[PDB]
Amino acid sequence: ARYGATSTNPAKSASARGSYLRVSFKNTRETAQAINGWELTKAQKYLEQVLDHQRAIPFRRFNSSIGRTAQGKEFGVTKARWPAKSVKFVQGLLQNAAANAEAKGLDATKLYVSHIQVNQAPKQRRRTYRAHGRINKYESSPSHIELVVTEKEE
RNA sequence: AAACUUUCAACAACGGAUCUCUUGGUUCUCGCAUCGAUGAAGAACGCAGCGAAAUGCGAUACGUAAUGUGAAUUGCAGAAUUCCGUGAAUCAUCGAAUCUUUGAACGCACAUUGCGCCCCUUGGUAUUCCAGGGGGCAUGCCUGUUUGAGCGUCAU
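Draft legend 1. Expanded view of the overall build of chain A. Within chain A, the regular secondary structure consists of three helices and seven strands. Secondary structure elements of chain A occur, N-terminal to C-terminal, as β-α-α-β-β-α-β-β-β-β. C-alpha extents for chain A along the principal axes are approximately 65 × 40 × 25 Å. Burial statistics for chain A: of 154 residues in total, 37% are counted as buried. A sequence separation of at least 24 residues applies to 69% of the contacts in chain A between residues at least 6 apart. With an accessible surface of roughly 9,400 Å², chain A has 46% of that area assigned to carbon and sulfur atoms. Averaged over its 27 positive side-chain charges, chain A has a centre that lies 15 Å from the centre of its 12 negative ones.

Draft legend 2. Geometry of the pairing of strand 7 (residues 143-151). Counting buried positions over the nine residues of strand 7 gives nine, a clear majority of the element. On strand 7, burial covers both faces: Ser143, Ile145, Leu147, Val149 and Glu151 on one face and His144, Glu146, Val148 and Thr150 on the other are all buried. In the sheet, strand 1 (residues 13-21) pairs with strand 7 via seven bridges, with the strands oriented antiparallel. Within the sheet, the bridge partner assigned to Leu21 lies in strand 7 and is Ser143. Where strand 4 (residues 111-120) lies against strand 7, nine bridges are found, and the strand directions are antiparallel. For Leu111, the partnering residue across the bridge sits in strand 7 and is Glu151.

Draft legend 3. Spatial organisation of helix 2 (residues 40-51). The end-to-end C-alpha distance of helix 2, which contains 12 residues, comes to 17 Å, matching closely the 16 Å that a straight helix rising 1.5 Å per residue would cover. Taken together, the buried positions of helix 2 are occupied by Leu40, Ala43, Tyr46, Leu47 and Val50. Seen along its axis, helix 2 keeps its buried residues to an arc of 125°; they face one direction. Those residues of helix 2 that are buried lie in contact with helix 1 (25-33), strand 2 (57-58), helix 3 (84-103), strand 4 and strand 7. Just past helix 2, the residue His53 takes up positive phi, approximately 75°.

Draft legend 4. How the structure looks around the packing of helix 1 against helix 3. At a minimum axis separation of 9 Å, helix 1 and helix 3 run at an interaxial angle of 55°. The pairing of helix 1 with helix 3 is recorded here as oblique in orientation. Helix 3 is crossed by helix 1, and the crossing has right-handed handedness. Within the contact between the two elements, helix 1 uses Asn27, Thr28 and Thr31 and helix 3 uses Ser86, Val87 and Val90. Residues belonging to the contact of helix 1 with helix 3 are distributed by class as follows: two nonpolar, four polar and no charged.

Definitions and limits used
Residues numbered from 1 in each chain as written, not as in the entry; some residues may be left out. Chains lettered and ligands numbered in written order. Part of a larger assembly, values for the part shown. Heavy atoms only, no water. Helix = DSSP H or I, 4+ residues; strand = E, 2+ residues; numbered from the N terminus. Buried < 20%, exposed > 50% of the residue type's maximum accessible area, 1.4 Å probe, protein only. Contact = heavy atoms within 4.5 Å. Areas by Shrake-Rupley, 256 points an atom, 1.4 Å probe, with all protein chains shown as cover. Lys, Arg positive; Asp, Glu negative; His and termini not counted. Charge placed at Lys NZ, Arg CZ, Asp CG, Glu CD. Pairing = 2+ DSSP bridges. Expected span 1.5 Å × (residues − 1). Arc of directions from axis to C-beta. Axes fitted to C-alpha atoms, helices over the stretch in contact; angles between N-to-C directions. Parallel < 35°, antiparallel > 145°, perpendicular 65-115°, else oblique. Left-handed = near helix turned anticlockwise from the far one by under 90°. Nonpolar A, V, L, I, M, F, W, Y, C, P; charged D, E, K, R; others polar.

Listed below in structure tokens is the structure:
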């Protein structure tokens with residue numbers, strides 16, 4: 001598998017990937033960018049706080065018309081949300097990546113998530129039926145995710 | 001200052017253009033004349049050791065016979081020197097057969113798997129009732145035969 005733009009030594013890094021997932025790309029991108037450059041332990045504590053409805057996720061690009069809150073203040077923004085489905089897939093891949101890093105022989109105490117990205121995936125289509133006997137699409141926004149952890153140095 | 005917005009590049013994505021290929025098409029030319037009541041074309045249904053199709057076939061059902069070549073089929077299983085043989089094969093050829101219900105469609109009828117009549121035979125105590133099996137029952141027209149009708153008409 002060929003991953004995105006990664007400036008690290010592959011020997012001190014461990015990778016994970018999830019393709020053709022049925023989460024929303026727009027929320028998953030925010031969920032992923034909220035943990036880029038972080039340590040795995042703090043990220044995994046954060047993503048559970050989210051599900052407990054503390055320490056929200058900031059929405060920065062895909063943020064139109066959503067509501068405001070006060071768990072954005074630790075990031076500066078005033079728009080945030082708590083996307084459980086995206087969080088759960090991301091937690092799964094973090095788990096997988098830590099497993100792979102362990103098996104390659106790296107120390108979990110000082111790993112950080114270096115390169116994380118999501119992509120768009122092929123849509124999945126259904127019909128919805130509007131007034132006056134016409135159809136319109138009702139389709140999902142699936143996502144690929146790819147993720148790299150690596151151990152810190154100077 | 002970050003986020004955000006925009007521009008470029010790398011990598012990855014959506015998407016499937018371009019390039020190359022092509023058991024297909026189209027056009028031209030040459031040759032041939034070969035459907036059907038001896039039941040056509042078409043249709044329905046069904047058939048394989050495991051197939052829904054396409055292709056093939058018809059209760060002898062991806063086929064039987066005959067002829068030729070001469071050792072395969074193959075997705076799997078199952079058979080196997082039968083392989084110096086009357087002989088493998090989703091082979092080729094094809095002259096013998098089968099060819100369900102249909103259909104011009106032919107006992108009558110059909111939105112029915114409806115209802116009959118005749119002959120021979122078998123069974124049930126059975127020229128008469130029931131069942132099975134086989135074979136028959138259309139119309140128009142022609143030739144001939146057989147039986148007839150008519151003070152139309154001839155002779156005795």
